[PDB]
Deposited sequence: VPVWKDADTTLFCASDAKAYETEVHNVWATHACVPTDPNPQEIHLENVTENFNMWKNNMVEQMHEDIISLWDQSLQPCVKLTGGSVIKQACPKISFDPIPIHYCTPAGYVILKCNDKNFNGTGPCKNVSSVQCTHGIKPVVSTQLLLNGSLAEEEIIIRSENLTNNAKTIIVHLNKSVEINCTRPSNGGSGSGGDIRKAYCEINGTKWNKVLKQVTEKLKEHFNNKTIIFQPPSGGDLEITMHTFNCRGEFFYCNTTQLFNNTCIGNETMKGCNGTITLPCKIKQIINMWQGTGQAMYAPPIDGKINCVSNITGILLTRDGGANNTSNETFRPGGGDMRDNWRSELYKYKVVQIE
């Protein structure tokens, strides 16, 4: 009387502090339950279970959770939706994401793949059962995945279908690389500092892996080929402020004096295209003084050029935009089943 694949409405849990005014804490205080006081992950002896991170309903559930979070929390000076414009108060908020656990209701469990080099689709030989996922931070980003978990063995390439150039590629790193972004005390001009030595080593490793998957062809990195600034720039939110950073220096191939510190030029933007697809939002100027965030680059989103089937190269560019891949990068090893 065991299990079968099934979709069901999950709930969430967290260590949200009831006394906090930080928006993730407020949201999870009234929309999640407390973290499981006694989590028990149970190994399944001699069991093989197949997974598919690209067809996982948990992704869509988390995505709508994060949309609701942002709709309740952020307050634009003016919002631009369709034919109208709605205008309100826009005070500065406290923004800092917290881990969110996802849990099944009665008669359901989460299966978890524990095979170290599991690429996201296919069988898994080391499977356990949990009641909740681990705490996942809902980090909204582009090009680079930040503050995520790490691949435990080798760098892993995740894709629905590597031969289709339209699908997104998720590179899951086995080594954090720090990105340290500050706006010092133009108020909107800022920058991000990255270790050149470490980054170029990791990028070399990503090229060796991509070569493994693409019949030993020459791997070339290129910047995005136009589009809105949210895709052409590494875009993220640091303590309420929307950073747009130029990553051209990260995706040149020459260091694939390139063992110093790379300094990426950034700008804090007040007017953004919402990742919700819902249009345009206008915020207030940034807080006075030093605005600083130190983050772990743990993943990379990549889109591969088409039309090079008859060439000796494959060229890749930082991608993103549809946030669901961000959640996929952390939900890949989980799946709901009905008991």
Chain regions without C-alpha coordinates, deposited sequence numbering: 1, 187-194, 266-271, 355
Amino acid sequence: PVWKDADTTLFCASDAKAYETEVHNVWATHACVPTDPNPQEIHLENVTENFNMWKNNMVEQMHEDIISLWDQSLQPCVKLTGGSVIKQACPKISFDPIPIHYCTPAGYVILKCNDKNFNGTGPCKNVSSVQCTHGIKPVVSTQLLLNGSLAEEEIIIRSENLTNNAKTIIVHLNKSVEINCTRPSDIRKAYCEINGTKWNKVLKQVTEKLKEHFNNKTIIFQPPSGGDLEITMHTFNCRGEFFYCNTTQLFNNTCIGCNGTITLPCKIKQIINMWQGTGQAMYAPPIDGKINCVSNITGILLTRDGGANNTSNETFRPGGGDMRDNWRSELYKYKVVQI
From here on, numbers count along this sequence of modelled residues.
Stretch with the higher entry mean CA B-factor, where the candidates are 306-314 and 25-33: 306-314
Which of 155-163 and 220-228 has higher mean CA B factor, as the PDB entry lists it: 220-228
C-alpha B-factor winner, where the candidates are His172, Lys267, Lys87, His213: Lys87
Identity of residue with top Cα B-factor, from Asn119, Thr197, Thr168, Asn246: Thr197
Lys92, C-alpha B-factor rank within chain (lowest, middle or highest third): highest
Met274, C-alpha B-factor rank within chain (lowest, middle or highest third): middle
Chain-relative CA temperature factor third for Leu74: highest
Third of the chain's Cα B-factor distribution that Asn56 belongs to, per the entry: lowest
Third of chain Cα B-factors occupied by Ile67: lowest
